[PDB]
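Engineer: kindly return the folded structure for what I paste below:
(chains A and B)
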Amino acid sequence: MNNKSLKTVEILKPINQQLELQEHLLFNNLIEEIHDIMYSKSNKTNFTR
Amino acid sequence: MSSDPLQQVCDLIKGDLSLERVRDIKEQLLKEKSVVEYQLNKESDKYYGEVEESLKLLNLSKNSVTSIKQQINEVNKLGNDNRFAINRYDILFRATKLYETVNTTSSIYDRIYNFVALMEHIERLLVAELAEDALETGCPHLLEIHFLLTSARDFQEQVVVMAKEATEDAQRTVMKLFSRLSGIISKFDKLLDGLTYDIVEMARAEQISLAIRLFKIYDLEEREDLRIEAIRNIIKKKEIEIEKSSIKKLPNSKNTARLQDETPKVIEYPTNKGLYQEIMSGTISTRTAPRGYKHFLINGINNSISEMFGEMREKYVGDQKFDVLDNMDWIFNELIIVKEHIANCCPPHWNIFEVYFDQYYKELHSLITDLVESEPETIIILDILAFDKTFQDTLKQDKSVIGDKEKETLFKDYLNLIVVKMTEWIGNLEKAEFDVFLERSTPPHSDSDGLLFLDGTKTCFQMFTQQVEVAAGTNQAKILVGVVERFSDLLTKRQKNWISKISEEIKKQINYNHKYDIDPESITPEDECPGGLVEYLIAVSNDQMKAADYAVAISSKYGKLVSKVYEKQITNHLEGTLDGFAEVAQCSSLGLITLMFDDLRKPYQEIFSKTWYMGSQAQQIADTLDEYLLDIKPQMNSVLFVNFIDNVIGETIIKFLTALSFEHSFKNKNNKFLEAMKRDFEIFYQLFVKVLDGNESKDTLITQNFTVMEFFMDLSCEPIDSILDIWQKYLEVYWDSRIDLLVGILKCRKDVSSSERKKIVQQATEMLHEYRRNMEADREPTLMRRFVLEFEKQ
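Structural biologist: Residues are numbered from 1 along each chain as shown, chains lettered A, B, ... in the order given. Sharing the structure here:
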């Protein structure tokens, strides 16, 4: 809504926003391809079958 | 938003990411919205309640006033109930048979038009009674109001002659018109001979407790009765303008008429379309119309009988010069007594209270003409009419007074009088004083220690203090400033003349000292003038300080009944003059310093030659000028004195540094000049410290000049490698006497050469000007102000 546009704090909030979002796609496909079971465990690699 | 990005700047006045200061900035916004909603809260509430009473009374009068004109539907439609029903009897034979003889007023018009002829011919003397009062007619409520009702019975021939305008016959106002010659104008003018002689009888100094009672009672009875009567005829043209101009000017005629309407729409046709709005029925019903000028048009002759007796009591001369308001305001006292006596007599009319303010038009307009130009006593012009303004105010409600509006222009006449008078006064006082001061064997007003006051300046003191008694006496922002500040321009002409003729006192002691001990080939006519200028010029500075006494001290002493703005407008040009009260001392007392000197110019340039080097020239200068400040010292005003002896040590050191360009080669060779800078330094020390006793200025107003003493000892005694720092330190205090003095010091010296003058004195010249960019950006011009001695080719 508030655009804002620009610094003060927004922008230079949105960097950590969008890169935190690609960080959540990183951890997201990490746990997705963990027990995909493209690595096999109950988890990725902590084997419980 | 266009506010929010600006608010993003206001919160961007916290940093950029400033969450703590963003929180506090939000608390600031909460304070702003907080108070804005407190005032918007209560303001919105007051507006809401205004809408509440607004719609509450639009309600309450829509409904209740719709049931007030519809309560006139209730009670006025109840009026239509008994229209042809009421009074339970033959009302048809009461309004058409018994009221047929109401259209039979013949014999009453014959014996009352005939008796109105004969008996008002008798009432042309009986009801027109006079000669002289005998209670104003006698008894004009019997007499003059008997002529009013006799003129109200002849208002059938005066006012209902304008109602009976071709009613049924031709001789109703023709054969009765000769019955109205002794009938109407022998009753209406009988009430106007009794009314003009009633109010004129009420203009007779008592006037009286029964004469103005009866007479004014007739002049309120027929006055207010005449007012509602001709107000009923003007409301017959306004009730016909309400009525017949709702009929003829409906508009549905629609021509309208030619030519009995527009004009006279709406009057509109007498008996009865133009009459019955002042005639029957009509429970009045004539209208009256007595008496027209009982005091309905004759109360103006009562307040104009004290305002024509008052305006008549001016006697425009003014019988001394301004005695118009004496008898005129006496008729204003008789206007208050006749006014309140007549309101005690008559409530409705006949001079209730307007005689007082009408007599204030008599005293106001009277006092605004007796001194209009300067034809009255110009010195007593505004004091008279202003004294009757405030006093004749205080003699009433404050209000049979004399409003003038010519006060201030007469105060411009007091400006021209007191200012040009004080030009004459001040000029004679000056030239009298200065021609006394050239008689130098006797001083002015006695005291043996030179604190003499003066004589014509005392006439300025006390007598100009008496000149401003009208200034402060009327408290003018145009005289108590203007005579005072234009008088301060006259004081500038004064101190210019103290500069002029006190400079002639200076010349008088200059050539009188030439006659005394200074080579008498100088003698002038007006300068036969021995020692004694001391008491004269200090007597001048003494009444500079006594011009501070009455000018300054009387100035802030009395002027305290305006604001400090106007008081300040006075204060700008009498009390900064304290500096002016030694500014003559800026011109007189420096003359004193040269006239301590002018018996002694033989050692004043034999210094720096060989006679003073081992001799008694220092004895003459230091000891003789020491005694010369051992007789001015008891005799001198203080503000003159500190600046004086200050400028004695200074001017006496530059008369001690006179001969630096005579080019005598310095006797630091065998120390003869050098002892003249050292041993004579002991002799030229008690010229600073026995001159000064009773105070501690002996070196305090001499230290600044021990600078040029000891550094000049470094300048003119000392050799090559000790005149550098002479100009270093002597530059660090006195750059007013510039570097080229050393050139003259090296004009007076062979054994420090000219190339040494190039290095020392020209690199020291660069010290002078580059230090003037460095350290002067040293102190002021002083004793050594413009004694920059002549320089050779560097």
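Engineer: for chain B, what is the nearest residue in chain A?
Structural biologist: At 3.8 Å from chain B, residue A:9 is the closest residue in chain A, using CB to the nearest CB. Heads up, the C-betas are built off the backbone N, CA and C, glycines and all.
Engineer: does that residue touch residue B:16 like I think?
Structural biologist: Yes. Here residue A:9 lies in contact with residue B:16, judged by CB atoms under 8 Å, at a distance of 5.7 Å.
Engineer: ok, now which ones touch residue B:533?
Structural biologist: B:440, B:505-506, B:508-509, B:591-592, B:595 (CB atoms under 8 Å, 6 or more residues apart in numbering or on different chains).
Engineer: and these as CSV, adding secondary structure?
Structural biologist: Output for the contacts of residue B:533, formatted as CSV (DSSP: H, G, I helix; E, B strand; the rest coil):
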residue, secondary structure
B:440, coil
B:505, helix
B:506, helix
B:508, helix
B:509, helix
B:591, helix
B:592, helix
B:595, helix
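Engineer: just the element for the residue of the stretch 551-700 of chain B found nearest chain A, please.
Structural biologist: Nearest residue of the stretch 551-700 of chain B to chain A (CB to the nearest CB) works out as residue B:565 at 51.6 Å. Residue B:565 belongs to helix B:564-571 when elements are defined using DSSP states H and E.
Engineer: how far off centre is that helix?
Structural biologist: 12 Å (CA atoms, centre = their mean, to the nearest Å).
Engineer: can you check stretch B:466-475 too?
Structural biologist: Offset of stretch B:466-475 from its chain centre (CA atoms, centre = their mean): 13 Å.
Engineer: repeat that for stretch B:501-513.
Structural biologist: For stretch B:501-513 - counting by CA atoms, centre = their mean - the centre lies 46 Å from the chain centre.
Engineer: related to what we said a few turns ago, who are the packing partners of the helix or strand that comes right after the helix holding residue B:565?
Structural biologist: Going down the chain from helix B:564-571, the next helix or strand is helix B:577-580, by DSSP H and E. Where contact means 3 or more CB pairs under 8 Å, 6 or more residues apart in numbering or on different chains; DSSP states H and E, helix B:577-580 is packed against helix B:482-517.
Engineer: what does stretch B:571-591 contact?
Structural biologist: So stretch B:571-591 is in contact with B:484-485, B:488, B:491, B:495, B:498-499, B:502-503, B:505-506, B:509, B:533, B:537-538, B:540-541, B:544-545, B:547-548, B:551-552, B:555-556, B:637, B:639-640, B:643-644, B:647, B:651, going by CB under 8 Å, 6+ apart.
Engineer: can you give me the neighbour number for the spatially closest residue to residue B:179 that is not a sequence neighbour?
Structural biologist: Leaving aside its sequence neighbours, residue B:179 sits nearest to residue B:117 (CB to CB, 6 or more residues apart in numbering or on different chains; 3.8 Å). Using other CB atoms under 10 Å in any protein chain shown, residue B:117 has 21 neighbouring residues.
Engineer: in whatever helix or strand residue B:117 lives in, what's buried?
Structural biologist: Residue B:117 is part of helix B:106-122 when elements are defined by DSSP H and E. Across helix B:106-122, burial judged by 16 or more other CB atoms under 10 Å in any protein chain shown covers B:112-113, B:116-117, B:119-121.
Engineer: for stretch B:249-267, same thing?
Structural biologist: B:249, B:261, B:264-267.
Engineer: can I get those residues in JSON lines with distance to chain A and secondary structure?
Structural biologist: JSON lines is the format used below for the buried residues of stretch B:249-267 (distance: CB to the nearest CB, whole Å; DSSP: H, G, I helix; E, B strand; the rest coil):
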{"residue": "B:249", "distance to chain A": "70", "secondary structure": "coil"}
{"residue": "B:261", "distance to chain A": "77", "secondary structure": "coil"}
{"residue": "B:264", "distance to chain A": "79", "secondary structure": "coil"}
{"residue": "B:265", "distance to chain A": "74", "secondary structure": "coil"}
{"residue": "B:266", "distance to chain A": "74", "secondary structure": "coil"}
{"residue": "B:267", "distance to chain A": "79", "secondary structure": "coil"}
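Engineer: wait, what's in contact with residue B:467?
Structural biologist: Contacts of residue B:467 (CB under 8 Å, 6+ apart): B:418, B:421-422, B:483.
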